[PDB]
Structure formats: structure tokens, C-alpha cells
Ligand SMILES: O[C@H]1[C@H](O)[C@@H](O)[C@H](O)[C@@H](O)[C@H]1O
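Taking the form deposited without 1,2,3,4,5,6-hexahydroxy-cyclohexane, here's one chain by itself in C-alpha cells.
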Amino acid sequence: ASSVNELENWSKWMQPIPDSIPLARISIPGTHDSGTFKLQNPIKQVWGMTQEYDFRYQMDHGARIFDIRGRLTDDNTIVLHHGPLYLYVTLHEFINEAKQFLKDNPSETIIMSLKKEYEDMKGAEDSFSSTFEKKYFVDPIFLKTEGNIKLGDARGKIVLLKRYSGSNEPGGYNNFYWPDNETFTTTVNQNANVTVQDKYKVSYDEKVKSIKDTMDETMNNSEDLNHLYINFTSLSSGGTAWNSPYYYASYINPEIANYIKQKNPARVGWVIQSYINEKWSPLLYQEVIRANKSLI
């Protein structure tokens, strides 16, 4: 909690950050459609795959925010989906990976975004929200405290970012507006504000400008601890060819990695990327973590 060299430890990078820092102010790497790593079917993967490695690999690479999309099944369980595609991964499977990681690295915390991706199965007993809260959320690893959550209250726990309607259990970040395919601003709570850049399905040129534009706003608003900045660098279009999330990401990641590197900002916000790996040159996630040196 003193050396900047400690941010270079991908599994324990949150250790140096002061306990009093709200998670909002922290620059955190995230993964888009985190549970698509099992899609190995050639045609399914050219449209649905946004990750090639599992949850643990992702976390061991500094990722601390996970984009979870679920669906209520007959068996009254929540499984992971990408549209109408069952990903061969379950919500329990994710929560268990998160627990092991937090057991080994108690200094860390993981933010889980939960969204209803597909319509509930016909024979379901309860609704998506009630099912998730009665069977999962009730688990102790879930932080039940709200407001502008500090890193201290989050260590060893899973912080929930609600992207589902109809919640009845307090805890984490409340659900807000979130319009389709665009960048917007709203409020989470009385003591918080949100700016999200979620322009999936858009031109590469418009996409890159969007990311950078949102990243400039957070750079110049670095000391505003009451403002949440979520920046999705992922881009999806017509697959089958080099228009896949992998193709765009092979350019977008190093590009934004450099952008962050050159500017040397004190805050870049929460950056949710596709294909977290070690292939691309400057490494986006690593640069994002480094921008936290100002907090050390």
C-alpha cells in the first residue's frame, strides 16, 4: 500500500489503493460478455464470442468487472446467454470462480453486472429478479451496502451492478435508465452520477472517437469521486468475416492502450473490453490499472 510497483501484480493490484477510495474513482479493467469463452463452434463464435479465456484467467489479468448476461431456466436456475444462445456456463459457475479468486487474493473485489439477456423459460416458477435474489444474492459474498461504495467495504466481497428491473434486496449499485446503443448520463443514487459509453454496433471510426471522447471527459474530471464512468471498447457488427469482435478488438485495444499511455492520465474510468489476452502490443488492461498510480 505504498509502492507503485505493486500495481504490476495483476492478481493483487487493488492492495495498494487506500480503503477510503470509492470504487468510482478507481480505473478498473472489465470484460464484455465475460462468459463466451466456451463458444468453440466456428459459426457461433464468429457472432457470439468476445472472450477466449475463462473467468480465472480474466481475473488473474487484473479484470475486476464482469459483464454477466443470464436467463431463467425451467430448472429454476440462471444460466449465461448471448441473445438466444446458451453459453454452456451458469451463474453458480461464475460465483464459484469469483470466490476462489477472492479467497486467494482477499485484497481484491469483483464487480458483477447482471442483466436479463433472454426471456425466461416457459415453465419457470418465479421471475428473473426474485429467483436471483432468493437463490443467489442472499449469499454472504454479496455486499449488501449501498451508496458510493468504498474499496474498503468491498474487499473480499462481490459488488453487484444491477442491470435488471424489479429488485427488492438492497445492495450494490441500483439499476438505472441505460438506453440502447449510445453514450448517456444518469444518476445511480443521491450521492452518485453515471456516464456510460455503450455504442456497440456502430462504425469503427465513430466507435474510437466515442471511447476517446468519453475518456477525455473522465481525464479532466479525475477528482470527481461521485461520478461513475463506464467505457465499453467492444464493437459488434456483421460477423462471418473480419467484422467480428476479434477483428475490431485487435485494433481497438492497442489503440486505446497507447492513447492512455501517451496522455498519462490520473483517471480513465471503468474500461470494459473484448478479448482480454496477451496478444496485442501495449495491453489495455495493464495501462488502465497503471493510471491508478495517482491513488497510491
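Position 1 is the first residue in the sequence shown; the rest follow in order.
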Looking only at C-alpha temperature factors in the entry, 126-134 or 173-181, the higher average sits in 173-181
If you average the Cα B factors in the entry, which is higher, 74-82 or 217-225?
217-225
From 107, 167, 148, 100, pick the one with the largest CA B-factor in the entry?
148
Highest-ranked of 55, 270, 248, 259 once sorted by CA temperature factor in the record
248
Relative C-alpha B-factor of residue 296, binned into the chain's lowest, middle or highest third
highest
By its CA B factor, does residue 252 count among the lowest, middle or highest third of the modelled residues in the chain?
middle
Would you mind ranking residue 41 by its C-alpha B-factor against the rest of the chain and naming the third, lowest, middle or highest?
highest
Is residue 240 in the lowest, middle or highest third of its chain when residues are ranked by C-alpha B-factor?
highest
Place residue 191 in the lowest, middle or highest third of its chain's C-alpha B-factors, as listed in the PDB entry.
highest
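The following text describes the form solved in complex with 1,2,3,4,5,6-hexahydroxy-cyclohexane, which does not appear among the structures shown.
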For the three residues 10, 267 and 293, verify that every one has a non-hydrogen atom within 4.5 Å of 1,2,3,4,5,6-hexahydroxy-cyclohexane in the deposited complex; reply yes or no.
no
Of the residues 133, 198, 108, 120, which one places a heavy atom within 4.5 Å of 1,2,3,4,5,6-hexahydroxy-cyclohexane in the deposited complex?
198
Among 212, 157, 150, 163, just one has a heavy atom within 4.5 Å of 1,2,3,4,5,6-hexahydroxy-cyclohexane in the deposited complex, namely 163
Counting only non-hydrogen atoms, which stretch in 242-250, 57-65, 257-265, 30-38 is within 4.5 Å of 1,2,3,4,5,6-hexahydroxy-cyclohexane in the deposited complex?
30-38
Decide whether residue 99 counts as a contact residue for 1,2,3,4,5,6-hexahydroxy-cyclohexane in the deposited complex under a heavy atom distance cut-off of 4.5 Å.
no
Is residue 88 a contact residue for 1,2,3,4,5,6-hexahydroxy-cyclohexane in the deposited complex, using a 4.5 Å heavy atom cut-off?
no
Verify the contact flag for residue 227: yes if a non-hydrogen atom of it lies within 4.5 Å of a non-hydrogen atom of 1,2,3,4,5,6-hexahydroxy-cyclohexane in the deposited complex, no if not.
no
Please tell me whether any heavy atom belonging to residue 115 falls inside 4.5 Å of a heavy atom of 1,2,3,4,5,6-hexahydroxy-cyclohexane, as the geometry stands in the deposited complex.
yes
Interface residues of 12-28 toward 1,2,3,4,5,6-hexahydroxy-cyclohexane, as seen in the deposited complex [heavy atoms, 4.5 Å]:
none
